[PDB]
Amino acid sequence: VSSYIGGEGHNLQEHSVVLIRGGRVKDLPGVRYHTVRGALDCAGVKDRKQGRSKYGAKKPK
Amino acid sequence: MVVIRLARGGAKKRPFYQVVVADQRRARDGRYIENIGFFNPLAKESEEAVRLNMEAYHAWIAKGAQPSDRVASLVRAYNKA
Amino acid sequence: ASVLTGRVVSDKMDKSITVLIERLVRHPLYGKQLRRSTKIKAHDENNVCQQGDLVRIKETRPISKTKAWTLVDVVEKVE
Amino acid sequence: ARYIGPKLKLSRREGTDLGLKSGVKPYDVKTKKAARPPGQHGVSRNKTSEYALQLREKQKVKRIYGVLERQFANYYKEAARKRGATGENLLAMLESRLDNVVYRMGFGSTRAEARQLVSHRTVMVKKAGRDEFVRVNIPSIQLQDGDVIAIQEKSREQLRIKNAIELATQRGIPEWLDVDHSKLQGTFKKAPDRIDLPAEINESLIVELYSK
Amino acid sequence: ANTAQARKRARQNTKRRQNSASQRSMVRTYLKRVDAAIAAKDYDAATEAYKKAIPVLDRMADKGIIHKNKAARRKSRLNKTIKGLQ
RNA sequence: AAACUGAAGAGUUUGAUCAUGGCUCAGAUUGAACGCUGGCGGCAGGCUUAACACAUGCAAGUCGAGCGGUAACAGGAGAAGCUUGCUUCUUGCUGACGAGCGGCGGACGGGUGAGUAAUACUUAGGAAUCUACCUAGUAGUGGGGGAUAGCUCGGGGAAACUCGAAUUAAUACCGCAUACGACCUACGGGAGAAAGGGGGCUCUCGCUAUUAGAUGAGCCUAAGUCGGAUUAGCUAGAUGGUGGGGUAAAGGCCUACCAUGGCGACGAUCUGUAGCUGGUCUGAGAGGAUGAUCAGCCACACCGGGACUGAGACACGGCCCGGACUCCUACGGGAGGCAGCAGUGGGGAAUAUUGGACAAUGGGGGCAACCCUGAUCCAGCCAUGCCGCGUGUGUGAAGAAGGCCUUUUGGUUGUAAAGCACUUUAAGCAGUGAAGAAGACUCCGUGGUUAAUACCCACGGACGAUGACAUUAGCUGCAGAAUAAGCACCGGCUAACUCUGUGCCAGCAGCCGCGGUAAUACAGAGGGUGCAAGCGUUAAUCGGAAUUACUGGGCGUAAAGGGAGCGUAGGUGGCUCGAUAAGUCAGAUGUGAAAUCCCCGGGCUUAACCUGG
């Protein structure tokens, strides 16, 4: 199945293990899932601040 | 044989016992033939700690059920009280 | 005991009779009764009743594998 | 939990005084706000809808009584369970809470101070038919009729209690509550009636909000 | 058997099985003689074999290898055929 | 008295309209997972997938008051090398127990839902049954014998163990006599039982026959019970009958023969799926979905099959045969089943400690002492759900400073802060301290008992042996704000708006949709909104959806009248007078387990929770 990588920038490549959740992308035909950022190997968004939990970004200290 | 015994209900560290007539083989919390009384270990003086049905207990004694020792002592205390 | 009255559909079997019972059952959702007929097998020791007769039967210990009923009485004879 | 942020901003958002701060001076002079909604924008277009009004009313009652949404939902469910008007029952429960009753008695100047004072176990509540006082650290305990309230011997000489009592005297004492100052003893003989409670608060909106 | 009590039960069961099997065959042999007498259709032989059979069934029934009702029913079923003959 | 309380819509087809019609959101919910974050307690919950393989430890023992005995441990007695205070061997003399014999238990407790569409379940009945232990009764418990394990001797094997000779005792085994019942009976009569132990001629536990109860299991009957007609015929031991056998018991359960029957559109057969139920969510209701936890029934115990024992098994931690897999082997042969409590590997998005005690309520054995009990009660871990509480409370202005916006000077953050005065719930320290305990044993009195004040049973007293939890629940003090706030969102549905950067790029989205140089829609700051030890996303179920419409929809044009007639089953059906009481209504009884839902009270400091009616 085909999944969408949300957020700005990602580290995914061939033979990377990812976690997949539901959720269709409206304007992408055949894309019916989303990639969970920060779950197994998909790193969170680097400089995310507002919606961090939706993109697997740790709380800046 | 049929043994009258306490059944453990209530909450953790707050035991409440239900006097029940049940087969010896069957478990304490399992099926019981009849319910005759409730026993409450920790209760206020105004509240009635022990309630039992004398007619049913006498009936079961005549029938031949073998009451447990704790229930027998509770019955003795209720009778004297 | 339980007594049921019904027509005897078949008397061909030796020392046996088959009786049809009509009962009304209310449909749970719709609430309208539907006629339901179930065949019950009974034991007739003298084969008194021919096919089409109305007979009364009662429950009894299984005489045979499929028969647990007996023909106590016969009420009406087909013309 | 209890709100830890500025008290005045809540009242400014609601647009009317919530009673969070004791009225030592006039509310208008103290803060000189609440004429307009808080924040930079202040007056704004696109007036709020009726559902927004219902939400505002619920937030008002919760903020006045220092009660979280979870407890408020439990109270509304109990009111609907109970016989009679649901809004009336819910208001009666909010009055029944211990912190509110001590604040009405005047032991605490404000509802938040009363809640802290009760949580600290200075206040003792005796239920009807009980000859021994019991210390309570839960301010949300419902009060049965005829209940008695005492200050602990350690807390008899508290300065804040003494300063609060005369503010309470200026504010007035409700009829249902009976307060003895010399012994610092308060009796909850009857629950407050809806007519006694403020008219301006609207119970119906809270009932509307929970009906989807 | 993972427990010594279970091993003991197994061996005791083996011994008890041997004894019960011997007694059971003792019952069957007498019943077989009565059946053979029935097959010959001789009243005297049937009566003699039935007289021999009688005590065995009750002795074994009390010991419990054969149930009391089974012994009674066998006596009442065999005597029926014997009576029917002649 | 009470249980009788409950119903919202919105965005979107059009230049615009109304209808219709789909799609989407607003709620509750859960054995829940993932992301940020995370102080504390109480009660619950914790492999939904691999019924996949299982290392390891424990989970079923007890009885010497049934018996022969003495392997160990302690003694006692003497033998005392006496080594004078070291000490050793003989004896079952004693408390006691290894092994062996014999009874009871192991069929309960505990686990799982693979199989099962009907030997399952629910519901209401029934007749042909057995039923250890238990309550009430009766009749007994006499006399004998040969065996045999341990023990000895010699072998065999690496082991698991096995073969020979001889031999000892029983509440082990087999006769004989007696027979209240009980069995057969052609009713004339026939046959069938057992064991002794212990306390001082007795009472006692046990045994044999059996009647009645109680409990438990087996059997049967009527109904209800998922999808599929693109599954219409299916059955030949098949339906019934007699003689015979088999069962504790009815029965094609089996068998010889005889007849041709048995089920089917009211759904038979054949397939997919699935344990059923009380209940659990959702919903105003009717309904829909579901069957974790707690409790009832069923089925299974690595796979297939067979039976032994026993009252009860075709037996989770028993037996036999075969099967695959793992292990040991000296190569011929042997051992195994965590779907018991923990625990390991593996699968997965995912679910825990290789813990304490029998102290309490139960179960097994015993006369008791006492032993076992991963049942049970507790304890460790997890925010996994619910409930409660805390992270402080007052007073505080030229409205400090800084950030942000701005018409560059004002506004906002904002009583927010600083200052100032208090307070110490929770956490931590020092103490204190209930309750869960039922009164064992022992002494004394009374009655029953008996030949007996012995013995035994019952009752009534005195007495203080018993606590894992535990360093307890609670109570009192010690110092000080000191130990503790985050998540999502702000175009509309929907509560919350402006800048800066970007420029159909980066990106957001649940729907309409935003992004092409002045973005309330992307990323960042300020501000604000909602929740708050939580907050969102995702997955699922119901709701909204009157969108399968019985309550409660439509069919001229939006989807929908069969091309028309005929007629089978089936559905419905004129007027009057009667019988009948099946449907219908009303009342009586039993049942519809307990819990859960609801109402009124009670107990935990409140709540969850428990609890009487």
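So basically every Cβ, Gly included, is an ideal-geometry build from the backbone, and we count neighbours across all protein chains shown. No lab work stands behind these numbers, since they all come straight from the coordinates.
Quick look at the values:
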{"quantity": "Inter-residue pairs, beta-carbon under 9 Å, first within 14 Å of chain C (Cβ to nearest Cβ) and in the range E:61-82, second more than 6 Å from RNA strand F (Cβ to nearest atom), 6+ apart", "calculated": "none"}
{"quantity": "Residues that are assigned to a helix (DSSP H, G or I) and surrounded by 13 or more Cβ atoms within 10 Å (Cβ to Cβ), drawn from the range E:53-69", "calculated": "E:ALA53, E:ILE54, E:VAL56, E:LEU57, E:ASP58, E:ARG59, E:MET60, E:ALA61"}
{"quantity": "Matching option when the condition is touching a residue at least 60 places away in the same chain (Cβ under 8 Å), surrounded by 11 or more Cβ atoms within 10 Å (Cβ to Cβ) and hydrophobic (A, V, I, L, M, F, W, C), among B:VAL20, B:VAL71", "calculated": "B:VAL71"}
{"quantity": "Close pairs (7 angstrom Cβ cut-off, 6 or more residues apart or separate chains): without any contact (Cβ under 8 Å) to a residue 60 or more places away in the chain and more than 14 Å from every other protein chain (Cβ to nearest Cβ) in the range B:1-14, buried (at least 18 other Cβ atoms within 10 Å of the Cβ) and assigned to a loop (DSSP other than H, G, I, E, B) anywhere", "calculated": "B:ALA7/B:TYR32"}
{"quantity": "Unique match (being without any contact (Cβ under 8 Å) to a residue 60 or more places away in the chain and either more than 8 Å from RNA strand F (Cβ to nearest atom) or of a type in the set (A, V, I, L, M, F, W, C) (or both)) among D:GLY106, D:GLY146, D:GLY87", "calculated": "D:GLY146"}
{"quantity": "Unmet criterion (only one of (1) surrounded by fewer than 11 Cβ atoms within 10 Å (Cβ to Cβ); (2) more than 6 Å from RNA strand F (Cβ to nearest atom); (3) of a type in the set (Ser, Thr, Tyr)) for E:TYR50", "calculated": "(1)"}
{"quantity": "Positions within the range B:30-54 being closer than 17 Å to B:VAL2 by Cβ and more than 9 Å from the chain's Cα centre (by Cα), in sequence order", "calculated": "B:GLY30, B:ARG31, B:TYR32, B:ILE33, B:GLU34, B:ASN53"}
{"quantity": "Scope the range C:23-44; condition more than 8 Å from RNA strand F (Cβ to nearest atom) and either assigned to a strand (DSSP E or B) or surrounded by fewer than 10 Cβ atoms within 10 Å (Cβ to Cβ) (or both); matching residues", "calculated": "C:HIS27, C:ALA42"}
{"quantity": "Filter result (surrounded by 15 or more Cβ atoms within 10 Å (Cβ to Cβ) and either part of a loop (DSSP other than H, G, I, E, B) or within 6 Å of RNA strand F (Cβ to nearest atom) (or both)) within the range A:20-38", "calculated": "A:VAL25, A:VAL31, A:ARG32, A:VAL36, A:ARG37, A:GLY38"}
{"quantity": "Scope the range D:12-37; condition outside any loop (DSSP other than H, G, I, E, B), free of Cβ contacts under 8 Å to residues at least 40 places away in the same chain and either more than 8 Å from RNA strand F (Cβ to nearest atom) or closer than 24 Å to D:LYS162 by Cα (or both); matching residues", "calculated": "D:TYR27, D:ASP28, D:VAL29, D:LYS30"}
{"quantity": "Subset of the range E:15-52 [acidic (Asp, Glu) and assigned to a helix (DSSP H, G or I)]", "calculated": "E:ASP35, E:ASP44, E:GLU48"}
{"quantity": "Residue list for the range D:38-56, filter: surrounded by 13 or more Cβ atoms within 10 Å (Cβ to Cβ) and either among the charged types (D, E, K, R) or more than 7 Å from RNA strand F (Cβ to nearest atom) (or both)", "calculated": "D:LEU53, D:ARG56"}
{"quantity": "Selection from the range B:1-49 of residues that are within 6 Å of RNA strand F (Cβ to nearest atom) and of a type in the set (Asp, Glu)", "calculated": "B:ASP23, B:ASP29, B:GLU47"}
